[PDB]
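Chains as they are written, first to last, in this note's numbering: chain A, 1 to 135; chain B, 1001 to 1259; chain C, 2001 to 2147; chain D, 3001 to 3185.
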Amino acid sequence: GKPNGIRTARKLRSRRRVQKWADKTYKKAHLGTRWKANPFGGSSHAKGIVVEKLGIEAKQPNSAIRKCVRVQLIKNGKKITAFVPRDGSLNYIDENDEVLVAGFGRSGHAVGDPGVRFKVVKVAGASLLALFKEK
Amino acid sequence: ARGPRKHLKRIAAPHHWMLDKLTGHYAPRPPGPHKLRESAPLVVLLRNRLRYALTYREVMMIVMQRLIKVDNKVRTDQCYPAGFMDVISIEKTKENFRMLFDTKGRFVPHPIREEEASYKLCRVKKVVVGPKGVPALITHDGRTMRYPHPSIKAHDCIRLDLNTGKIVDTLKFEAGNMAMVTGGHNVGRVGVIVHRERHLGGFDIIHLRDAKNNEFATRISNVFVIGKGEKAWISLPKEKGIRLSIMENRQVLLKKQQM
Amino acid sequence: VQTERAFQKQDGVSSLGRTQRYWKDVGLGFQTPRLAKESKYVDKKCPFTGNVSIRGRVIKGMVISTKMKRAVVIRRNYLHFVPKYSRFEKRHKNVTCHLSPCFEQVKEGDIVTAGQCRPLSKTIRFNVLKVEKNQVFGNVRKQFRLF
Amino acid sequence: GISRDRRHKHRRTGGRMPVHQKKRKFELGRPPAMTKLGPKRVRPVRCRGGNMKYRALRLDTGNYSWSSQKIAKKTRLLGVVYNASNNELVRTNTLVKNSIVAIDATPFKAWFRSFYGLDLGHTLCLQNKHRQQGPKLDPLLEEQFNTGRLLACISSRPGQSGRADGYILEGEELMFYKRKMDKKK
RNA sequence: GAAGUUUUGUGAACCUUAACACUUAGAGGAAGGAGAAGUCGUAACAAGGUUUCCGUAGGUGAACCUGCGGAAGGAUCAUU
RNA sequence: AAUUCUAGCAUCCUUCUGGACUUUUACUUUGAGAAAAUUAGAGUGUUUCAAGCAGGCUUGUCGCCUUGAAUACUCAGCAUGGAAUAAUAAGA
RNA sequence: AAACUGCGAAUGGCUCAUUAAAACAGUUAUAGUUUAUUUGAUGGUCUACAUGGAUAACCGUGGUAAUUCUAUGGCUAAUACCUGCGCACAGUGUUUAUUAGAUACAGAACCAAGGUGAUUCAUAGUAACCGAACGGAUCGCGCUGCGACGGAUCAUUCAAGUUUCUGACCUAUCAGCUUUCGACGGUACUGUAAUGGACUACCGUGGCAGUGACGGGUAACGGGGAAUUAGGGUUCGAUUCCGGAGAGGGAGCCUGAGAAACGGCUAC
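Pasting the structure below:
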């Protein structure tokens, strides 16, 4: 078991700082690789230009073509695929049009039906909800 | 950095002035006889205790009349550090204020008689020989009385005359002599002196006993002898430095406010 | 004795006194040793023989080496509390420290009390006041005593 | 300029010390005046406080106290004879503290004739009284006087004061430095 | 007491070499996972049709196979 | 009479008129000293409230409440009462 | 008005790039030191009915494309600048030498008294040293009062500089660092406002490290604090206050009580 005795501060204190790294979520915080990894800069949102309009298919069981966009972040010019929320709206994007990118809400990882971690919040600053609504 | 700071800030002021949080970003800054945190400037007497002035402007209009004196001497500077056991004298109204410590730990101008307002006490910091082999006291006030008695030692008070320069009445520092506290936790408390411990190296401390038989301690720098074993050279403020308890200070206060 | 290039002489004694020896009384409840008074050594930096006040702090500890000349180094030990785990932790600091040649035969692993003074060199701030003989077996740096 | 601070140079562990501050005027030093023999010159250096500190550059003369007899005379210097620290300072005749120097000895010889009247080579009563009161003179000082020279330690710091003062060597100090003069010979 | 000047120290800036740090191109090689459905077997799960598995060694289109010593997580808690 | 603390007497020091000795610390207790703001908190109808540190009585005029704005909090370091516990010292 | 002189401009304000026993925090020390100003002290001792000659603004007058650039010529001031007698050999200060600075007990015979836990402290005395510093060539209201300014030493106050002890995030795919060119110590200078390898001569061989030295990372200024609904904790703190550092990058320096200053100057 543990060492209980009054003078065992080092062994107790050393064991935590070593075996904190066994957590998956602790490493994603506290390593230096967070800053190089992600296309985002430890940031909530990021603008970019739509290099291409793209279509991808959801993994079974679900089948369909999901309509996403490939974008280059302005700061790093790093390509990413951002899903476009709601019906249609693909027409709205226009190649070479600036689009806001937001996290899919899963802290990267993946969402539901492959390998996409971002969602386009706004197009030309208009935003997706306003147009789908038409308000 | 680089030199002395000409501003002081509100909040970073002493608490025992009781300047408020709003209604100013800065606070008046007091160098004179006394220290910064063991004194009170002449502005916050006039506006924030005695309530003669409203504003900082009006204190200049009072003080440049040459109406205010301290120690029978006219001080024109509005930010003059007027500290513990200084007399203030205004000729219009014909009333005089000796600054003592209140029991809570505040400055308060205690009003006094005209004959009493001549003299004041100065506890001597040390005694030292000047040039031509002449002896000389130095005080907490930063006066330097010269040709004393050989009797007079360190850490004890002398009644100054003020009308003239010279000393009049000594006092000794011993067991069974009345003693106010000027700083620390037990400030504003007056009691006879029971005993002092030496501790040969640094910081002598004194245990001493309130007139309701409460016992409490302070360092010797804070302790300031008033007078003999019972009785006192000076007049004391309200409560005479008892410091009644927290529940007592509650009970007396709310009993007052119902009228 | 005149070891060195300059004439080693005790300040305090004037050239009129050339028999007389100066010895200070350091105070603070510390008695002057007899070998300071009787012997003929100089030392500028001795508490009892030369110009150095002792003032401020006083530090006890275990001597860990006596190799460098007219100076020792004194291992202080202490427990450090760690408030999460509610539990102590053994640390140390090697204070380097002057000593005077009145103290004959200052062995390794002796107890020594040492007062603070003005900085005599870079590393040493403290000066010795008094020593005590005790044996310690094996390594000295292993030996934990708290004082 | 010359930084006196400890922010440069190593720790006791052997580790570089981080420095995040530029040099500070209160961490000042200045170039050392290696003052010497020659006709007098002296330069007032304005220091911290406003207070002046007078840098010696050449000094001919000085006030030197004979200890036993309890008198002091203004006297010219001849040469720097020994130094404990550095042999280069003797080579150039550079006056510093603790530096052993040659001295005229005609002020003391004139005094010793006038005061006592034993000499070297109505009052009379006063002289006799002085003699009884205080004149045997060491055997080595007797030989030393015959040359027309004495030996003396510089006691003042010339760089700070702007002044060579000292005291005459006598007894054990005199016997000591006569070894290490003769040893190099 | 000016310009100029002698020797020192303080010393920016630039350059050569080297090391360390951090991004980054690369013919070819060779991993892992993803498709969504293909070709060739049949290895494991039942004694899975040669019980399964370990360490080590050699061999073969591929799963795999065999040698030596172990384990039951075996298909036996068991018979002069 | 419970619950605290304390003197004696069963062989219990003394050098003096409170401190010196009882191996040494840790530990615990009380005390010193430690800026305010913030935080908890005493008092008070900012109309309530977040707040703020103000106010409250009253045809009296050198106005009064000898007006209030309390108090706590701030490892290592300095000091002290103490019989356990645990280190540590030793072994006239 | 203008101009000279004095004082201020080193505070305040802004920012967080540096920086990991560094800074900072609480806690000491300064017997190891500087301090404009404030407050209180002190002091006859060295043509004395009064010493000297230049400088603005101003007037005359130009230069240059241009500026908070300024030259030549002519006047005139001082609390600017510089000199400088004096009892009622001979003061105070500086620099060295050096005596006293007593203290657990009473005395007897013989001859020629400050102050600290603590000092080389205060102070007095003796013998000389230097000019490089004080001992008022100043101003207003009214035999005689009041206070403005100047300046020395000693306290005092606003400070500042060092300084004792203890305290921090990750990393061992960083285990041995430091040194002849100061690493640790010793003696004697030098230098500083003073203490010091702070620096220079010689001399010794030390110092730190498995309780994490040395090195690397930080999307690191530190703390007072902030968020978080048992207790214990975990994460944040550029940002109202207190320290610290910096003014594009580094370095150097003048003036002053105080700056290595940048709403000051010199260089790359």
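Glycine is no exception: its CB is placed at the ideal position from the N, C-alpha and C atoms.
Within the same chain, show all residues whose beta-carbon is closer than 7 Å to that of residue i, passing over the 5 residues directly before and after it, in chain order.
| i | result |
| --- | --- |
| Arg3157 of chain D | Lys3097 |
| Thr1170 of chain B | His1149, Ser1151, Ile1152, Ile1158 |
| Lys1092 of chain B | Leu1067 |
| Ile74 of chain A | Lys47, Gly48 |
| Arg2075 of chain C | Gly2061, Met2062, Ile2064, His2092, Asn2094, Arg2141 |
| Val111 of chain A | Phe104 |
| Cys3047 of chain D | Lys3053 |
With 7 Å as the threshold, decide whether the Cβ of residue i is near any Cβ in chain C.
| i | result |
| --- | --- |
| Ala29 of chain A | no |
| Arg15 of chain A | no |
| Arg3041 of chain D | no |
| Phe3176 of chain D | yes |
| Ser3067 of chain D | yes |
| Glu3172 of chain D | yes |
| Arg3179 of chain D | no |
| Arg3048 of chain D | no |
| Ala3110 of chain D | no |
At the level of alpha carbons, what is the spacing between residue i and residue j?
| i | j | result |
| --- | --- | --- |
| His1015 of chain B | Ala2071 of chain C | 50 Å |
| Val2052 of chain C | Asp2043 of chain C | 11 Å |
| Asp3182 of chain D | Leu3089 of chain D | 19 Å |
| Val1087 of chain B | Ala1117 of chain B | 7 Å |
| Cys3125 of chain D | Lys3070 of chain D | 21 Å |
| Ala124 of chain A | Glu57 of chain A | 26 Å |
| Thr2049 of chain C | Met1145 of chain B | 39 Å |
| residue 2995 of chain D | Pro3044 of chain D | Because chain D is modelled from 3001 through 3185, residue 2995 of chain D falls outside the range shown and cannot be assessed. |
| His1025 of chain B | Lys1104 of chain B | 26 Å |
| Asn2077 of chain C | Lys2090 of chain C | 7 Å |
| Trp1017 of chain B | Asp1071 of chain B | 22 Å |
Is the beta carbon of residue j closer than 7 Å to that of residue i?
| i | j | result |
| --- | --- | --- |
| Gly1241 of chain B | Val1192 of chain B | no |
| residue 1984 of chain C | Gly2012 of chain C | Residue 1984 of chain C falls outside the range modelled here, since chain C spans only 2001 to 2147, and no answer is possible. |
| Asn3063 of chain D | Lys3074 of chain D | yes |
| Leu2146 of chain C | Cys2102 of chain C | no |
| residue 1944 of chain C | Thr2096 of chain C | Examination of residue 1944 of chain C is not possible in this model, given that chain C is present from 2001 through 2147 alone. |
| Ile93 of chain A | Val50 of chain A | yes |
| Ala3164 of chain D | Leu3095 of chain D | yes |
| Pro114 of chain A | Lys59 of chain A | yes |
Give me, in chain order, the residues of the same chain whose beta-carbon lies closer than 6 Å to that of residue i; leave out the 5 immediate sequence neighbours on both sides.
| i | result |
| --- | --- |
| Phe1101 of chain B | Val1187, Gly1188 |
| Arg117 of chain A | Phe104, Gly108 |
| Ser1089 of chain B | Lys1069, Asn1096 |
| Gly1184 of chain B | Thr1218, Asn1222 |
| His2080 of chain C | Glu2089, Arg2091 |
Spell out whether any CB of chain D is found under 7 Å from the CB atom of residue i.
| i | result |
| --- | --- |
| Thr2123 of chain C | yes |
| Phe2126 of chain C | no |
| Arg2034 of chain C | no |
| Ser2039 of chain C | no |
| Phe2007 of chain C | yes |
| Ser2015 of chain C | yes |
CB-CB under 8 Å to residue i, same chain, minus the five flanking residues each way: which ones, in chain order?
| i | result |
| --- | --- |
| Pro1028 of chain B | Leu1008, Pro1041, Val1043, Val1044, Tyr1056, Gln1078, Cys1079 |
| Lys1125 of chain B | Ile1138, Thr1139, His1140, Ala1154 |
Please check if any C-beta of chain A sits within less than 7 Å of the C-beta of residue i.
| i | result |
| --- | --- |
| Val2082 of chain C | yes |
| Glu2004 of chain C | no |
| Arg2087 of chain C | yes |
Is the shortest distance between the beta-carbon of residue i and the beta-carbons of chain B less than 7 Å?
| i | result |
| --- | --- |
| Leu2028 of chain C | yes |
message = Can you pull out the residues from the stretch 1197-1223 of chain B whose beta carbon lies closer than 9 Å to at least one beta carbon of chain C?
response = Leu1200, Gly1201, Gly1202
Near-chain C residues of the stretch 3127-3152 of chain D (beta-carbon distance less than 9 Å), N- to C-terminal order = none
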